[PDB]
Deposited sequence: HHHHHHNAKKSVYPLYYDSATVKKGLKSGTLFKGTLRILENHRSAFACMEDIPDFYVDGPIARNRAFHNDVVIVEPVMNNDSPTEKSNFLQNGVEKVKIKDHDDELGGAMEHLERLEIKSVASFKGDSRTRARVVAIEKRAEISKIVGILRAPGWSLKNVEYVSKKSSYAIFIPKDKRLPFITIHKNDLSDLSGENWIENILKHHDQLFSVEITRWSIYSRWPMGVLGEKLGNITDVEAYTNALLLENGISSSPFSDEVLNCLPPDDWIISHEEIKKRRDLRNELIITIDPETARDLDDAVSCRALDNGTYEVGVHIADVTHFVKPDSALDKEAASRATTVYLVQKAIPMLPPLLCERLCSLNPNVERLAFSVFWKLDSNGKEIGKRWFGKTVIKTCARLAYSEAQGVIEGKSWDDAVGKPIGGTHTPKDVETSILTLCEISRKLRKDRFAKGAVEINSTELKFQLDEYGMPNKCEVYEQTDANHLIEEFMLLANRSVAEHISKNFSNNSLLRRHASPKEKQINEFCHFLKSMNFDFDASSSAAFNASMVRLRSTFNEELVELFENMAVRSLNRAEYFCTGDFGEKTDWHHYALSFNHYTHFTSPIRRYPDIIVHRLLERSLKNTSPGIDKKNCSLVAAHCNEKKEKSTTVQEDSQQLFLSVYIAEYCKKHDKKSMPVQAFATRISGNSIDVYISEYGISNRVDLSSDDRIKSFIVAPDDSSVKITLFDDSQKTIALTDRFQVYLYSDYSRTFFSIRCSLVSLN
């Protein structure tokens, strides 16, 4: 009892014990009271020794972390203000889990389709914690391809109406903050049995198409439970290299498992890229309206503070994966909404309301441009035009605006509408659509997986109309908070990165990517393409002119703010 207990924010480390004499700055004088007037702050510590007769290891207190304490406290209040639970999982949830020593049984591989000898890969942004989607592309003896999308079998461990399923249904989604993720499911799931890591056996839920170089299905689709063994884990920046010409050594310095070779894997990536160039050249012809919003990507330091900040730009590798996730979502929506026309969970997008339509066309006019919104086709066509009239920096903003202008997509029950025409998804231009490829971070995807499997066992939906509408409406609300805190946590770290730059130097972080729109003195409204994010300044300027600004910021723990001047 001459020691103090230090609990790391990192749950992977154990408890660390520091001694009354080792509290550095504050210790010694009624130290049990100093470590109590400091019960909120976060500190640094350095593990010293771990004696084979010490349960917990020893350490020596470092400095107080006022800045980190500040960041973690805002993040904590933002999650509460929005009703997102971020506590540890109850003991009733952790007991509906399979045991830590769970393994794929031979009897389980036997009632499934065995794909462990197939060439299956995963591609992801190189962060986050989720790994539940994978892809494959086998060339056939005709000039045909057996493409496949392989999703983690979350509903093999997550059983209907269990405590574990009730807590997931309540969270309804995973929340992605800049410095961490609030999981919908426990670690044993996100990290192991439902993570498609390489060179390891995982259970999955696959979909197989028979395609050609134009993208047209030339064979019957296939759904069912599979066993897979992904052979590579790529990143978009790595997968983008293989597409622009680079080899599988420079672009991707990792080994490959199974009998597959760096060559066997590039040709099956490059085929997936050409096919996705077709499918996507087909999507825009049926009316689809793909814009691209803008989100921030940070690089964090040893303490977890922003150390780099860029606007993340989507690439060809990105559009290659989306195109087959869209396809897997379409195919699964169509299938279940034709065996269960009243109990299926689907997703739809509606045409914009003139309130958030014409009032956006107006803004387009302000800069001397006419926008056409009479259809989906007209909307995308107006955006393809648009991109050929204004700058590339301004292009970022308007696209982001377009998004805000277009309606929000929403889950719904097929039983509540009866008419297929209402199932339509405006932006995608699909007649059927749901969410299927992310059951580890979404809960609607878990209902759809159970509906798909129940349409494969020739059985009843398992879920009813009322309870389906209940999920659809709960996941719609929870996902609007989730999206709100996610962009707000990105704006918080922008304020911190700005502050933790002028604190390493002085006065403000000077940006020159300001454009001008529009009026109402004394107030100009600006858009700093660098970092995206609109702002305001309150010997001549006018709308469309570009100039350098200021960007000053202060933050935490109840507020953050980014403010620019001239």
**Message:** In sequence order, which parts of the deposited sequence are missing C-alpha coordinates?
**Reply:** 1-166, 705-732, 761-764
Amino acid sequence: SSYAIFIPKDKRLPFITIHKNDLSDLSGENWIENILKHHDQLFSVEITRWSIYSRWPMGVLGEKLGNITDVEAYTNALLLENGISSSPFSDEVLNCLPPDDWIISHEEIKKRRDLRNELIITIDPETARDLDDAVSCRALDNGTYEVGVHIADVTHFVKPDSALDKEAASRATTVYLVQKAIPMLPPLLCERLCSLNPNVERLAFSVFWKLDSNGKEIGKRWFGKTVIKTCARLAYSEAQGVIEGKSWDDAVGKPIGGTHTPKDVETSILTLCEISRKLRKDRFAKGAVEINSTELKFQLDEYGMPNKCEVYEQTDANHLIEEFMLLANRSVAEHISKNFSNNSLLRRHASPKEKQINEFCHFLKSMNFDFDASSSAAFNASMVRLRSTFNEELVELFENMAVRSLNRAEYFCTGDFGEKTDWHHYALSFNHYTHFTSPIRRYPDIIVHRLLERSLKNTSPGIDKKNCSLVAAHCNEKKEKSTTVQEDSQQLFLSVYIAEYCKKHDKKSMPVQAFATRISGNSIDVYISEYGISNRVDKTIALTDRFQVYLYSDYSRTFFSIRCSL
From here on, numbers count along this sequence of modelled residues.
**Asked** Which of the two stretches, 395-403 or 233-241, shows the higher mean Cα temperature factor in the record?
**Response** 395-403
**Fill in**
Between 412-420 and 362-370, the record assigns the higher mean Cα B factor to 362-370
**Item:** Most elevated Cα B-factor in the entry, residues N117, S382, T122, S162
**Value:** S382
**Fill in**
Per the deposited entry, the peak Cα B-factor within the set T294, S86, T261, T271 goes to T294
**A427 - Cα temperature factor, lowest/middle/highest third of chain** = middle
**Asked** Would the CA B-factor of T483 place it in the lowest, middle or highest third of its chain?
**Response** lowest
**Prompt:** Based on the entry's values, in what third of the chain does the Cα temperature factor of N476 lie: lowest, middle or highest?
**Reply:** lowest
**Prompt:** Taking the C-alpha B-factors as the PDB entry records them, is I357 in the lowest, middle or highest third of its chain?
**Reply:** highest
**Complete:** Here the Cα B-factor of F284, set against its chain, lands in the third termed middle
